[PDB]
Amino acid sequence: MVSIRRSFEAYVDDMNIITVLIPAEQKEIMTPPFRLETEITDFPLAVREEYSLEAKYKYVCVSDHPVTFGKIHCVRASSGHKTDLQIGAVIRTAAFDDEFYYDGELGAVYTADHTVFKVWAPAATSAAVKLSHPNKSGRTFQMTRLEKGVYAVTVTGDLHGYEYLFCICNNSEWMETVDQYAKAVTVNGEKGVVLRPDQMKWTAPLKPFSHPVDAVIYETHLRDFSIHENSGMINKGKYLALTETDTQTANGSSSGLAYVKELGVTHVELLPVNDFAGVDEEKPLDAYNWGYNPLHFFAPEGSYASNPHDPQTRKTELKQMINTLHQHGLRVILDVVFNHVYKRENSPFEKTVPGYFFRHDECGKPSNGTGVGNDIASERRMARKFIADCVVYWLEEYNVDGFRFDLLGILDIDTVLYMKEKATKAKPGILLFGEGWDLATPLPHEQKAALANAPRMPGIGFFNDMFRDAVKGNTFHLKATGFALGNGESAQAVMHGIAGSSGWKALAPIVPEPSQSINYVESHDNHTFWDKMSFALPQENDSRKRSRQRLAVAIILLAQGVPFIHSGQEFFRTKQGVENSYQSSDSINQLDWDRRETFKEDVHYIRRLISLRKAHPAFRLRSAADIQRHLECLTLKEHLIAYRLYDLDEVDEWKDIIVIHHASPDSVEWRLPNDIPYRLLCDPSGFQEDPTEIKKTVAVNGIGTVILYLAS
């Protein structure tokens, strides 16, 4: 690293403390007293303490007046030498935050007449906006510093179509960067772009969603969903593929939009659509990536658009896709990544205000609770502002219906409750949830938005890994098995999950209310359910495995809480044994519409389970108190579980409902709790056309589920 030649060093580590570092073989030359100078300034600096390091001697000096940011400062030694005051740790202090917190809008504010530019850089000494445009003369103008450390400049003319960059001067080193609030960018996100309002109109009004336990989530990646040669869609792997109506596979099976609507799902959860790194937008087929490498939080990814060179195109297509799903009665959830950025050192945050936006350990080095290099410090006031500003923007400008927070456990509770307030006001009924794993990040345990603190985050949901592992088997030991795979040691944990995970017997509650429990058995992370089971049960044929996976679905789909499904799970999706496919090729990640064809019958079974849940509110109790009054366990053995829903007058259309889950191939007899005749609605074979009546006892033959009901 080349660098500015300096006599010695000096940093501002607090609102009134300056740390002076002098090189070893100069200790006797560059000595105290020291003085802080600037235009019209010259005060003395007292020494509180001094001690030697391994290459330098250090002084911790104090000043009578608080340093004033925005102007260049000079530190003078008795020997006459000088050096420029650099930025220290003062940026992470509460005193600094309170002094510079800005509540207005930031970024590029457009008008056909003129454009106003604003950026928050409280510790810088200068700033400028750099404008360019293909064949149109480039210009760079100096910005003026205002209150709260905000720099701005107003440029006359219509700037639609112009590219822009900010130049921020920190520690006498100028850096170039795109606007953190950029709403449009060039190919591969090299620069931001100014664009007039696109005047997009939303023509598919949807009323506020009734309640969380009334939803059915379907997780999918935009490229995976339609890249297969037999997807029946024209815009393969693009935003527009999901807009294509009445699409079908070669053999005539339903696909795309028509397919998702037929299944009965209510919300479609998409993997990251903000601009990320990992795929060359100029040559998208050369690489693949899930999208968890944030570059620009306020703009869309380019590889999913028809044309990534025209700044407006990607925006238009994402909005059309979303509007179209709305027209067909489907809602949208956005996976968002506010816990880290890709390459911290080159990020807009770091180049504008060095060291402010990332958490640090006691040594003064970036923490790594995320495990990928950096942790965004949500607790800083402008960071919290940013996250809330971002969530509201997507809601207002893209009209989505909820968010899935990646690594929710890294964010702080106050920031989460603050954005929740603003988001629900902008869009009543949206869904808000995430993974609240306990992670090693520098925050007191009670301040993390982790699962353990669910009681303090009402209105926020969490992925239920307890229920997940109980049904499938521990996901960190390939060979481990769960109830669905034949392990009776976890049957009680399963009953707990069926009851909404809000307390059972001597088992402590996972969450306070069912609306906070996202029940699932598969996701984009780890082995798919089919692949994991294939490793744990190496001696079982395909027929038996299929029945165990259908069993895992019935357990989840008929449980109290919020059901969540991984795209392709319905037809035993496989990834060739790959455990972490974040960058694998298409042959590994694509949604196989050939397999959806082969197992149309098993997909039909899932479709019927979703229809049942929808037609009977008994499977959708609104609170822990109500569940306590209408749900009770009847039988609980190593391979057999039976519970029932009762007292369903005002509630359900049926009077009594009994559900039996069997996890072994043998055949057994089960005694009903009474002698009244019931209707056999379903058994290990599947649903029955025109229910037959049985009395006192019923047979449970092989792996599967049997459902009995009594009408009114």
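Sequential numbering from 1, following the sequence displayed.
- Of the two segments examined, 430-438 and 202-210, it is 202-210 that shows the higher average Cα temperature factor in the deposited entry.
- Averaged over Cα atoms, the B-factor as recorded in the entry is higher for 630-638 than for the other of 185-193 and 630-638.
- Highest CA B-factor among the listed residues (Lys505, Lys118, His267, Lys351): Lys505.
- Among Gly107, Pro134, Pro272, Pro563, the highest C-alpha B-factor in the deposited entry belongs to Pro134.
- Ranked by Cα temperature factor within the chain, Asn235 sits in the middle third according to the deposited record.
- Per-chain ranking of the deposited C-alpha B factor places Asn399 in the lowest third.
- Among the modelled residues of the chain, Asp98 sits in the middle third by CA temperature factor in this PDB entry.
- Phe357: CA B factor lies in the lowest third for its chain, per the PDB record.
- Ranked by Cα temperature factor within the chain, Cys167 sits in the middle third according to the deposited record.
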